[PDB]
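Have a look at my_file_23.pdb; it's PDB, C-alpha atoms and all ligand atoms:
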ATOM      1  CA  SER A  42       0.000   0.000   0.000  1.00  0.00           C
ATOM      2  CA  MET A  43       1.169   3.543  -0.867  1.00  0.00           C
ATOM      3  CA  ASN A  44       0.502   7.174   0.036  1.00  0.00           C
ATOM      4  CA  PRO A  45       0.030   9.710  -2.766  1.00  0.00           C
ATOM      5  CA  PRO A  46       2.306  12.759  -3.014  1.00  0.00           C
ATOM      6  CA  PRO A  47       0.896  15.450  -0.699  1.00  0.00           C
ATOM      7  CA  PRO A  48      -1.112  18.318  -2.262  1.00  0.00           C
ATOM      8  CA  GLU A  49       1.111  20.991  -3.830  1.00  0.00           C
ATOM      9  CA  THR A  50       2.083  23.989  -1.667  1.00  0.00           C
ATOM     10  CA  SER A  51       4.038  25.899  -4.382  1.00  0.00           C
ATOM     11  CA  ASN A  52       3.314  26.597  -8.052  1.00  0.00           C
ATOM     12  CA  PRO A  53       4.760  29.635  -9.903  1.00  0.00           C
ATOM     13  CA  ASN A  54       2.072  29.323 -12.600  1.00  0.00           C
ATOM     14  CA  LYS A  55      -0.779  29.673 -10.048  1.00  0.00           C
ATOM     15  CA  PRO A  56      -2.120  33.219  -9.598  1.00  0.00           C
ATOM     16  CA  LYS A  57      -1.735  34.351  -6.002  1.00  0.00           C
ATOM     17  CA  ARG A  58      -1.887  37.368  -3.767  1.00  0.00           C
ATOM     18  CA  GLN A  59      -1.977  38.497  -0.166  1.00  0.00           C
ATOM     19  CA  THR A  60      -5.226  39.873   1.256  1.00  0.00           C
ATOM     20  CA  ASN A  61      -6.149  40.939   4.782  1.00  0.00           C
ATOM     21  CA  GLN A  62      -8.661  38.061   4.808  1.00  0.00           C
ATOM     22  CA  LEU A  63      -5.939  35.545   3.932  1.00  0.00           C
ATOM     23  CA  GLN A  64      -3.714  37.180   6.545  1.00  0.00           C
ATOM     24  CA  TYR A  65      -6.553  36.690   9.053  1.00  0.00           C
ATOM     25  CA  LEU A  66      -6.884  33.046   8.003  1.00  0.00           C
ATOM     26  CA  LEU A  67      -3.236  32.388   8.901  1.00  0.00           C
ATOM     27  CA  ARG A  68      -2.879  34.734  11.866  1.00  0.00           C
ATOM     28  CA  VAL A  69      -6.189  33.927  13.596  1.00  0.00           C
ATOM     29  CA  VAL A  70      -7.960  30.930  12.038  1.00  0.00           C
ATOM     30  CA  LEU A  71      -5.103  28.517  11.350  1.00  0.00           C
ATOM     31  CA  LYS A  72      -3.129  29.420  14.532  1.00  0.00           C
ATOM     32  CA  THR A  73      -6.181  28.856  16.752  1.00  0.00           C
ATOM     33  CA  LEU A  74      -6.985  25.490  15.195  1.00  0.00           C
ATOM     34  CA  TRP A  75      -3.329  24.392  15.113  1.00  0.00           C
ATOM     35  CA  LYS A  76      -2.928  24.833  18.884  1.00  0.00           C
ATOM     36  CA  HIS A  77      -6.206  23.012  19.688  1.00  0.00           C
ATOM     37  CA  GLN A  78      -6.060  19.761  21.664  1.00  0.00           C
ATOM     38  CA  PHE A  79      -7.655  17.899  18.724  1.00  0.00           C
ATOM     39  CA  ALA A  80      -5.462  19.391  15.971  1.00  0.00           C
ATOM     40  CA  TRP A  81      -2.831  16.639  15.749  1.00  0.00           C
ATOM     41  CA  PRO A  82      -4.716  14.147  13.473  1.00  0.00           C
ATOM     42  CA  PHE A  83      -5.132  17.006  10.950  1.00  0.00           C
ATOM     43  CA  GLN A  84      -1.623  18.551  11.143  1.00  0.00           C
ATOM     44  CA  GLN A  85      -0.289  16.321   8.330  1.00  0.00           C
ATOM     45  CA  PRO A  86      -1.674  14.181   5.498  1.00  0.00           C
ATOM     46  CA  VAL A  87      -3.163  10.830   6.531  1.00  0.00           C
ATOM     47  CA  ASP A  88      -0.400   8.224   6.468  1.00  0.00           C
ATOM     48  CA  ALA A  89      -2.485   5.314   5.164  1.00  0.00           C
ATOM     49  CA  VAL A  90       0.546   3.005   5.113  1.00  0.00           C
ATOM     50  CA  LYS A  91       1.313   3.509   8.844  1.00  0.00           C
ATOM     51  CA  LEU A  92      -2.376   3.415   9.818  1.00  0.00           C
ATOM     52  CA  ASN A  93      -3.124   0.407   7.579  1.00  0.00           C
ATOM     53  CA  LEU A  94      -5.958   2.124   5.710  1.00  0.00           C
ATOM     54  CA  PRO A  95      -5.490   0.827   2.146  1.00  0.00           C
ATOM     55  CA  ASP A  96      -9.003   2.022   1.225  1.00  0.00           C
ATOM     56  CA  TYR A  97      -8.482   5.664   2.233  1.00  0.00           C
ATOM     57  CA  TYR A  98      -6.986   7.159  -0.925  1.00  0.00           C
ATOM     58  CA  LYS A  99      -9.277   4.902  -2.986  1.00  0.00           C
ATOM     59  CA  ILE A 100     -12.291   6.904  -1.725  1.00  0.00           C
ATOM     60  CA  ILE A 101     -10.736  10.226  -0.632  1.00  0.00           C
ATOM     61  CA  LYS A 102      -9.482  11.547  -3.991  1.00  0.00           C
ATOM     62  CA  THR A 103      -9.132  15.174  -2.829  1.00  0.00           C
ATOM     63  CA  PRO A 104      -7.193  14.847   0.419  1.00  0.00           C
ATOM     64  CA  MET A 105      -6.426  17.902   2.502  1.00  0.00           C
ATOM     65  CA  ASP A 106      -4.904  18.689   5.867  1.00  0.00           C
ATOM     66  CA  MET A 107      -3.907  21.677   8.006  1.00  0.00           C
ATOM     67  CA  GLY A 108      -0.189  21.109   7.416  1.00  0.00           C
ATOM     68  CA  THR A 109      -0.814  21.603   3.710  1.00  0.00           C
ATOM     69  CA  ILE A 110      -3.055  24.627   4.436  1.00  0.00           C
ATOM     70  CA  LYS A 111      -0.517  26.166   6.837  1.00  0.00           C
ATOM     71  CA  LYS A 112       2.137  25.803   4.140  1.00  0.00           C
ATOM     72  CA  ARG A 113      -0.082  27.325   1.402  1.00  0.00           C
ATOM     73  CA  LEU A 114      -0.845  30.299   3.659  1.00  0.00           C
ATOM     74  CA  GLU A 115       2.802  30.820   4.600  1.00  0.00           C
ATOM     75  CA  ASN A 116       3.801  30.644   0.916  1.00  0.00           C
ATOM     76  CA  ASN A 117       0.913  32.970  -0.063  1.00  0.00           C
ATOM     77  CA  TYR A 118      -0.327  30.225  -2.402  1.00  0.00           C
ATOM     78  CA  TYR A 119      -3.966  31.386  -2.491  1.00  0.00           C
ATOM     79  CA  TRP A 120      -5.725  34.000  -4.644  1.00  0.00           C
ATOM     80  CA  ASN A 121      -8.509  34.509  -2.080  1.00  0.00           C
ATOM     81  CA  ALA A 122      -9.994  33.514   1.266  1.00  0.00           C
ATOM     82  CA  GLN A 123     -12.622  31.403  -0.528  1.00  0.00           C
ATOM     83  CA  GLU A 124      -9.882  29.065  -1.851  1.00  0.00           C
ATOM     84  CA  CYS A 125      -8.463  28.622   1.657  1.00  0.00           C
ATOM     85  CA  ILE A 126     -11.922  28.089   3.180  1.00  0.00           C
ATOM     86  CA  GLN A 127     -12.649  25.428   0.519  1.00  0.00           C
ATOM     87  CA  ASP A 128      -9.482  23.587   1.636  1.00  0.00           C
ATOM     88  CA  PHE A 129     -10.638  23.591   5.274  1.00  0.00           C
ATOM     89  CA  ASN A 130     -14.069  22.410   4.211  1.00  0.00           C
ATOM     90  CA  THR A 131     -12.594  19.637   2.039  1.00  0.00           C
ATOM     91  CA  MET A 132     -10.586  18.483   5.071  1.00  0.00           C
ATOM     92  CA  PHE A 133     -13.678  18.217   7.277  1.00  0.00           C
ATOM     93  CA  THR A 134     -15.920  16.643   4.606  1.00  0.00           C
ATOM     94  CA  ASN A 135     -13.284  14.012   3.785  1.00  0.00           C
ATOM     95  CA  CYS A 136     -13.260  13.058   7.492  1.00  0.00           C
ATOM     96  CA  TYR A 137     -17.052  12.750   7.594  1.00  0.00           C
ATOM     97  CA  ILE A 138     -17.187  10.712   4.355  1.00  0.00           C
ATOM     98  CA  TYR A 139     -14.540   8.170   5.339  1.00  0.00           C
ATOM     99  CA  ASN A 140     -15.301   7.690   9.077  1.00  0.00           C
ATOM    100  CA  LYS A 141     -18.474   6.640  10.953  1.00  0.00           C
ATOM    101  CA  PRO A 142     -20.484   9.238  12.905  1.00  0.00           C
ATOM    102  CA  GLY A 143     -19.313   9.096  16.522  1.00  0.00           C
ATOM    103  CA  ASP A 144     -15.770   7.921  15.675  1.00  0.00           C
ATOM    104  CA  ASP A 145     -13.182   9.838  17.718  1.00  0.00           C
ATOM    105  CA  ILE A 146     -11.720  11.368  14.566  1.00  0.00           C
ATOM    106  CA  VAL A 147     -15.191  12.675  13.587  1.00  0.00           C
ATOM    107  CA  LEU A 148     -15.811  14.157  17.051  1.00  0.00           C
ATOM    108  CA  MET A 149     -12.400  15.789  16.845  1.00  0.00           C
ATOM    109  CA  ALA A 150     -13.164  17.205  13.375  1.00  0.00           C
ATOM    110  CA  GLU A 151     -16.563  18.551  14.496  1.00  0.00           C
ATOM    111  CA  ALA A 152     -14.975  20.399  17.430  1.00  0.00           C
ATOM    112  CA  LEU A 153     -12.394  21.983  15.115  1.00  0.00           C
ATOM    113  CA  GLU A 154     -15.034  22.831  12.499  1.00  0.00           C
ATOM    114  CA  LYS A 155     -17.186  24.576  15.128  1.00  0.00           C
ATOM    115  CA  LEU A 156     -14.220  26.757  16.112  1.00  0.00           C
ATOM    116  CA  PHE A 157     -13.358  27.258  12.418  1.00  0.00           C
ATOM    117  CA  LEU A 158     -16.888  28.494  11.663  1.00  0.00           C
ATOM    118  CA  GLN A 159     -16.837  30.842  14.669  1.00  0.00           C
ATOM    119  CA  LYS A 160     -13.684  32.475  13.287  1.00  0.00           C
ATOM    120  CA  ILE A 161     -14.914  32.552   9.661  1.00  0.00           C
ATOM    121  CA  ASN A 162     -18.094  34.242  10.896  1.00  0.00           C
ATOM    122  CA  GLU A 163     -15.864  37.204  11.847  1.00  0.00           C
ATOM    123  CA  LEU A 164     -13.849  37.236   8.588  1.00  0.00           C
ATOM    124  CA  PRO A 165     -12.916  40.907   8.165  1.00  0.00           C
ATOM    125  CA  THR A 166     -14.262  42.821   5.167  1.00  0.00           C
ATOM    126  CA  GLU A 167     -11.713  42.823   2.325  1.00  0.00           C
ATOM    127  CA  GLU A 168      -9.639  46.019   2.040  1.00  0.00           C
TER     128      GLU A 168
HETATM  129  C1  LIG B   1      -8.465   7.766  11.702  1.00  0.00           C
HETATM  130  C2  LIG B   1      -7.172   8.072  10.982  1.00  0.00           C
HETATM  131  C3  LIG B   1      -7.093   9.547  10.688  1.00  0.00           C
HETATM  132  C4  LIG B   1      -6.133  10.554  11.222  1.00  0.00           C
HETATM  133  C5  LIG B   1      -4.983  10.311  12.142  1.00  0.00           C
HETATM  134  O1  LIG B   1      -4.017  11.022  11.860  1.00  0.00           O
HETATM  135  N1  LIG B   1      -4.944   9.451  13.166  1.00  0.00           N
HETATM  136  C6  LIG B   1      -6.059   9.053  14.033  1.00  0.00           C
HETATM  137  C7  LIG B   1      -5.472   7.983  14.963  1.00  0.00           C
HETATM  138  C8  LIG B   1      -3.994   8.074  14.696  1.00  0.00           C
HETATM  139  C9  LIG B   1      -2.963   7.440  15.382  1.00  0.00           C
HETATM  140  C10 LIG B   1      -1.638   7.672  14.972  1.00  0.00           C
HETATM  141  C11 LIG B   1      -1.344   8.523  13.902  1.00  0.00           C
HETATM  142  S1  LIG B   1       0.185   8.791  13.437  1.00  0.00           S
HETATM  143  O2  LIG B   1       1.063   7.777  13.994  1.00  0.00           O
HETATM  144  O3  LIG B   1       0.273   8.808  12.018  1.00  0.00           O
HETATM  145  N2  LIG B   1       0.640  10.215  13.998  1.00  0.00           N
HETATM  146  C12 LIG B   1       0.110  11.450  13.444  1.00  0.00           C
HETATM  147  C13 LIG B   1      -2.404   9.167  13.240  1.00  0.00           C
HETATM  148  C14 LIG B   1      -3.734   8.915  13.646  1.00  0.00           C
HETATM  149  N3  LIG B   1      -6.389  11.758  10.695  1.00  0.00           N
HETATM  150  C15 LIG B   1      -7.425  11.713   9.859  1.00  0.00           C
HETATM  151  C16 LIG B   1      -7.977  12.903   9.122  1.00  0.00           C
HETATM  152  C17 LIG B   1      -7.900  10.308   9.839  1.00  0.00           C
HETATM  153  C18 LIG B   1      -9.033   9.874   8.969  1.00  0.00           C
HETATM  154  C19 LIG B   1      -8.972   8.527   8.310  1.00  0.00           C
HETATM  155  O4  LIG B   1      -9.952  10.633   8.723  1.00  0.00           O
HETATM  156 NI    NI B   2     -12.730  37.816  -4.862  1.00  0.00          NI
END
How does the structure come out when it is put into structure tokens?
Ligand SMILES: CCc1c(C(=O)n2ccc3ccc(S(=O)(=O)NC)cc32)[nH]c(C)c1C(C)=O
Ligand code: NI
Amino acid sequence: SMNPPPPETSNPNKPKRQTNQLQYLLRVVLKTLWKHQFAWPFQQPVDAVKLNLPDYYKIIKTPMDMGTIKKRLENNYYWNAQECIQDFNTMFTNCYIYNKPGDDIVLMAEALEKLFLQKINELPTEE
């Protein structure tokens, strides 16, 4: 069994910019989630080899994780907040699709998503 290459965090051909909203997403949203007690399972891509989950990348075809997101933010990879938010949302949805309701990983994702949504609710208006 084999892990795919992680999602790209650099691409010179991709259009990108810095925006106060993206700055907020790194400085407030990502930092708050990263430090959370339940962050660790989401801080790097799922290692399906180590975890013996040969089915994972056969069903999750758009994997995403906060390590990848943190890197994209730090490299100013995104064009807008909406792209970054989509990545977070893909991360959560993937978790809910693959795992059973009530699994620890799901409970952990739900807690993080609740905090995520609280912070997104106060996304500053774009300057
Ligand atoms: C349930 C597996 C999983 C994790 C996960 O990372 N883990 C959950 C238990 C667990 C134990 C050790 C290690 S580890 O040894 O690889 N250390 C980081 C990782 C672990 N994250 C996500 C998003 C998922 C799924 C399938 O949704
Ligand atoms: Ni726009």
Give me, as number ranges by chain, the set of residues whose atoms come within 6 Å of any atom of ligand LIG 1 (chain B), counting all atoms listed in the file. A: 82-83, 87-88, 136, 146
Which residues are near ligand NI 2 (chain B) in this structure, taking near to mean any atom at most 10 Å from a ligand atom and counting all atoms listed in the file? Format them as a list in words.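 With all atoms listed in the file and a cut-off of 10 Å, ligand NI 2 (chain B) is contacted by residues 60, 120, 121, 122, 123, 124 and 167 of chain A.
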Kindly export the residues of the current selection with C-alpha atoms, as a compact mmCIF listing (two decimals), in the frame of the given file.
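Resulting contents of again.txt:
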# COMPACT_ATOMS: atom_id res chain seq x y z
CA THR A 60 -5.23 39.87 1.26
CA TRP A 120 -5.72 34.00 -4.64
CA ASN A 121 -8.51 34.51 -2.08
CA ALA A 122 -9.99 33.51 1.27
CA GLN A 123 -12.62 31.40 -0.53
CA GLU A 124 -9.88 29.06 -1.85
CA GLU A 167 -11.71 42.82 2.33
Record the distance separating atom CA of residue A:147 and atom CA of residue A:134, expressed in Å with one decimal.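 Between atom CA of residue A:147 and atom CA of residue A:134 the gap is 9.8 Å.
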Can you list, as a ChimeraX atom specification, the residues that the PyMOL selection byres (((chain A and resi 149) around 10) and not hetatm) selects here? /A:77-83,133,136,143-148,150-154
Write out as a list in words which residues come within 9 Å of residue A:49 when counting only C-alpha atoms, dropping same-chain ones fewer than 2 positions away.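 So, after excluding close chain neighbours, the residues are residues 46, 47, 51, 52, 109 and 113 of chain A.
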Writing out the chosen residues with C-alpha atoms as a compact mmCIF listing (two decimals), in the coordinates of the input:
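Saved file again.txt follows:
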# COMPACT_ATOMS: atom_id res chain seq x y z
CA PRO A 46 2.31 12.76 -3.01
CA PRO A 47 0.90 15.45 -0.70
CA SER A 51 4.04 25.90 -4.38
CA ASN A 52 3.31 26.60 -8.05
CA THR A 109 -0.81 21.60 3.71
CA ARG A 113 -0.08 27.32 1.40
Selection: 12 Å around residue A:72, only C-alpha atoms, excl. self and same-chain fewer than 5 positions, as a ChimeraX atom specification: /A:64-67,77,80,84,107-108,110-111,114-115,153,156-157,160
Write the residues of the preceding selection, restricted to C-alpha atoms, as a short mmCIF file (atom, residue, chain, number, x, y, z; two decimals), in the frame of the given file.
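Below is the file again.cif, written as the result:
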data_model
loop_
_atom_site.label_atom_id
_atom_site.label_comp_id
_atom_site.auth_asym_id
_atom_site.auth_seq_id
_atom_site.Cartn_x
_atom_site.Cartn_y
_atom_site.Cartn_z
CA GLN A 64 -3.71 37.18 6.54
CA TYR A 65 -6.55 36.69 9.05
CA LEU A 66 -6.88 33.05 8.00
CA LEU A 67 -3.24 32.39 8.90
CA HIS A 77 -6.21 23.01 19.69
CA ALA A 80 -5.46 19.39 15.97
CA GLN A 84 -1.62 18.55 11.14
CA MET A 107 -3.91 21.68 8.01
CA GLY A 108 -0.19 21.11 7.42
CA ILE A 110 -3.06 24.63 4.44
CA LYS A 111 -0.52 26.17 6.84
CA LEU A 114 -0.84 30.30 3.66
CA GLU A 115 2.80 30.82 4.60
CA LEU A 153 -12.39 21.98 15.12
CA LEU A 156 -14.22 26.76 16.11
CA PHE A 157 -13.36 27.26 12.42
CA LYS A 160 -13.68 32.48 13.29
#
Select, counting only C-alpha atoms, all protein, DNA and RNA residues no farther than 12 Å from (-11.1, 15.1, 2.6) in file coordinates, and express the selection as a PDB file with C-alpha atoms, keeping the file's coordinate frame.
ATOM      1  CA  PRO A  48      -1.112  18.318  -2.262  1.00  0.00           C
ATOM      2  CA  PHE A  83      -5.132  17.006  10.950  1.00  0.00           C
ATOM      3  CA  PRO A  86      -1.674  14.181   5.498  1.00  0.00           C
ATOM      4  CA  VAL A  87      -3.163  10.830   6.531  1.00  0.00           C
ATOM      5  CA  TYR A  97      -8.482   5.664   2.233  1.00  0.00           C
ATOM      6  CA  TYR A  98      -6.986   7.159  -0.925  1.00  0.00           C
ATOM      7  CA  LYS A  99      -9.277   4.902  -2.986  1.00  0.00           C
ATOM      8  CA  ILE A 100     -12.291   6.904  -1.725  1.00  0.00           C
ATOM      9  CA  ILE A 101     -10.736  10.226  -0.632  1.00  0.00           C
ATOM     10  CA  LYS A 102      -9.482  11.547  -3.991  1.00  0.00           C
ATOM     11  CA  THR A 103      -9.132  15.174  -2.829  1.00  0.00           C
ATOM     12  CA  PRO A 104      -7.193  14.847   0.419  1.00  0.00           C
ATOM     13  CA  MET A 105      -6.426  17.902   2.502  1.00  0.00           C
ATOM     14  CA  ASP A 106      -4.904  18.689   5.867  1.00  0.00           C
ATOM     15  CA  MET A 107      -3.907  21.677   8.006  1.00  0.00           C
ATOM     16  CA  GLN A 127     -12.649  25.428   0.519  1.00  0.00           C
ATOM     17  CA  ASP A 128      -9.482  23.587   1.636  1.00  0.00           C
ATOM     18  CA  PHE A 129     -10.638  23.591   5.274  1.00  0.00           C
ATOM     19  CA  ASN A 130     -14.069  22.410   4.211  1.00  0.00           C
ATOM     20  CA  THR A 131     -12.594  19.637   2.039  1.00  0.00           C
ATOM     21  CA  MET A 132     -10.586  18.483   5.071  1.00  0.00           C
ATOM     22  CA  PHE A 133     -13.678  18.217   7.277  1.00  0.00           C
ATOM     23  CA  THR A 134     -15.920  16.643   4.606  1.00  0.00           C
ATOM     24  CA  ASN A 135     -13.284  14.012   3.785  1.00  0.00           C
ATOM     25  CA  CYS A 136     -13.260  13.058   7.492  1.00  0.00           C
ATOM     26  CA  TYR A 137     -17.052  12.750   7.594  1.00  0.00           C
ATOM     27  CA  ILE A 138     -17.187  10.712   4.355  1.00  0.00           C
ATOM     28  CA  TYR A 139     -14.540   8.170   5.339  1.00  0.00           C
ATOM     29  CA  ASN A 140     -15.301   7.690   9.077  1.00  0.00           C
ATOM     30  CA  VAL A 147     -15.191  12.675  13.587  1.00  0.00           C
ATOM     31  CA  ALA A 150     -13.164  17.205  13.375  1.00  0.00           C
TER      32      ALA A 150
END
When you look at residue A:168 with a cut-off of 12 Å (counting all atoms listed in the file), what residues show up, excluding the ones that are within fewer than 3 positions of it in the same chain? I need them as a short mmCIF file (atom, residue, chain, number, x, y, z; two decimals) with C-alpha atoms, in the frame of the given file.
data_model
loop_
_atom_site.label_atom_id
_atom_site.label_comp_id
_atom_site.auth_asym_id
_atom_site.auth_seq_id
_atom_site.Cartn_x
_atom_site.Cartn_y
_atom_site.Cartn_z
CA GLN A 59 -1.98 38.50 -0.17
CA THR A 60 -5.23 39.87 1.26
CA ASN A 61 -6.15 40.94 4.78
CA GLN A 62 -8.66 38.06 4.81
CA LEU A 63 -5.94 35.54 3.93
CA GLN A 64 -3.71 37.18 6.54
CA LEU A 164 -13.85 37.24 8.59
CA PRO A 165 -12.92 40.91 8.16
#
Find the axis-aligned box for stretch 60-66 of chain A, covering all its listed atoms and adding 6 Å on each side, and write its centre and edge lengths in Å to one decimal as AutoDock Vina command-line options.
--center_x -6.2 --center_y 37.0 --center_z 5.2 --size_x 16.9 --size_y 19.9 --size_z 19.8
Coordinates-based distance that separates atom CA of residue A:166 from atom CA of residue A:119 (Å, one decimal):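 These atoms are spaced 17.2 Å apart.
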For residue A:42, find every residue with an atom within 10 Å (counting all atoms listed in the file), except residues of its own chain fewer than 4 positions away, and show them as a list in words.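 The residues that qualify are residues 89, 90, 91, 93, 94, 95 and 96 of chain A.
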Can you tell me how far atom CA of residue A:70 sits from atom CA of residue A:92, in Å to one decimal?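 Interatomic distance here is 28.2 Å.
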Nearest-residue call for residue A:116, choices A:68, A:142, A:58, A:43, using only C-alpha atoms: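 Between A:68, A:142, A:58, A:43, the residue approaching residue A:116 most closely is A:58.
Among the candidate residues A:57, A:155, A:141, A:112, the one lying nearest to residue A:85 is A:112, with distances computed using only C-alpha atoms.
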Assuming the input is short of atoms at stretch 136-157 of chain A, produce N, CA, C and O atoms for that part as a compact mmCIF listing (two decimals), keeping the file's coordinate frame.
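What follows is the written file out20.txt:
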# COMPACT_ATOMS: atom_id res chain seq x y z
N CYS A 136 -13.19 13.76 6.21
CA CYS A 136 -13.26 13.06 7.49
C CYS A 136 -14.63 12.43 7.72
O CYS A 136 -14.73 11.25 8.12
N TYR A 137 -15.67 13.21 7.43
CA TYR A 137 -17.05 12.75 7.59
C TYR A 137 -17.44 11.66 6.59
O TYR A 137 -18.23 10.77 6.93
N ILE A 138 -16.90 11.73 5.38
CA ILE A 138 -17.19 10.71 4.36
C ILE A 138 -16.55 9.37 4.71
O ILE A 138 -17.19 8.32 4.60
N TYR A 139 -15.28 9.40 5.10
CA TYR A 139 -14.54 8.17 5.34
C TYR A 139 -14.89 7.46 6.66
O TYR A 139 -14.99 6.24 6.69
N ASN A 140 -15.08 8.24 7.73
CA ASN A 140 -15.30 7.69 9.08
C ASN A 140 -16.79 7.64 9.49
O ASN A 140 -17.64 8.36 8.94
N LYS A 141 -17.11 6.79 10.46
CA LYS A 141 -18.47 6.64 10.95
C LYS A 141 -18.80 7.80 11.88
O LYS A 141 -17.92 8.24 12.62
N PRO A 142 -20.07 8.26 11.89
CA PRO A 142 -20.48 9.24 12.90
C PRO A 142 -20.16 8.70 14.31
O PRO A 142 -20.35 7.51 14.58
N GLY A 143 -19.66 9.55 15.18
CA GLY A 143 -19.31 9.10 16.52
C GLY A 143 -17.91 8.53 16.66
O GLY A 143 -17.45 8.33 17.79
N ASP A 144 -17.20 8.27 15.56
CA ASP A 144 -15.77 7.92 15.68
C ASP A 144 -15.03 9.09 16.32
O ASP A 144 -15.38 10.25 16.10
N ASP A 145 -14.00 8.79 17.11
CA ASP A 145 -13.18 9.84 17.72
C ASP A 145 -12.74 10.88 16.70
O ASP A 145 -12.87 12.07 16.92
N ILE A 146 -12.23 10.42 15.56
CA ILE A 146 -11.72 11.37 14.57
C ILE A 146 -12.82 12.34 14.11
O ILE A 146 -12.57 13.52 13.94
N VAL A 147 -14.06 11.84 13.97
CA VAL A 147 -15.19 12.68 13.59
C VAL A 147 -15.51 13.70 14.68
O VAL A 147 -15.69 14.89 14.39
N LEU A 148 -15.55 13.25 15.93
CA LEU A 148 -15.81 14.16 17.05
C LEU A 148 -14.75 15.25 17.10
O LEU A 148 -15.05 16.41 17.35
N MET A 149 -13.51 14.86 16.86
CA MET A 149 -12.40 15.79 16.84
C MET A 149 -12.54 16.80 15.71
O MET A 149 -12.31 17.99 15.91
N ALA A 150 -12.93 16.33 14.52
CA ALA A 150 -13.16 17.20 13.38
C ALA A 150 -14.30 18.19 13.62
O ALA A 150 -14.17 19.37 13.31
N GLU A 151 -15.40 17.71 14.20
CA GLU A 151 -16.56 18.55 14.50
C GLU A 151 -16.22 19.68 15.46
O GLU A 151 -16.68 20.81 15.27
N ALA A 152 -15.41 19.38 16.48
CA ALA A 152 -14.98 20.40 17.43
C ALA A 152 -14.16 21.48 16.72
O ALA A 152 -14.41 22.67 16.89
N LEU A 153 -13.21 21.05 15.90
CA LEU A 153 -12.39 21.98 15.12
C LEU A 153 -13.23 22.80 14.13
O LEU A 153 -13.00 24.00 13.99
N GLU A 154 -14.16 22.14 13.44
CA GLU A 154 -15.03 22.83 12.50
C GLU A 154 -15.89 23.90 13.20
O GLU A 154 -16.09 24.98 12.66
N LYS A 155 -16.39 23.60 14.39
CA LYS A 155 -17.19 24.58 15.13
C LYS A 155 -16.35 25.85 15.40
O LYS A 155 -16.80 26.98 15.17
N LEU A 156 -15.13 25.65 15.88
CA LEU A 156 -14.22 26.76 16.11
C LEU A 156 -13.89 27.48 14.80
O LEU A 156 -13.91 28.71 14.73
N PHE A 157 -13.62 26.71 13.75
CA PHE A 157 -13.36 27.26 12.42
C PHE A 157 -14.49 28.20 11.97
O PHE A 157 -14.25 29.32 11.58
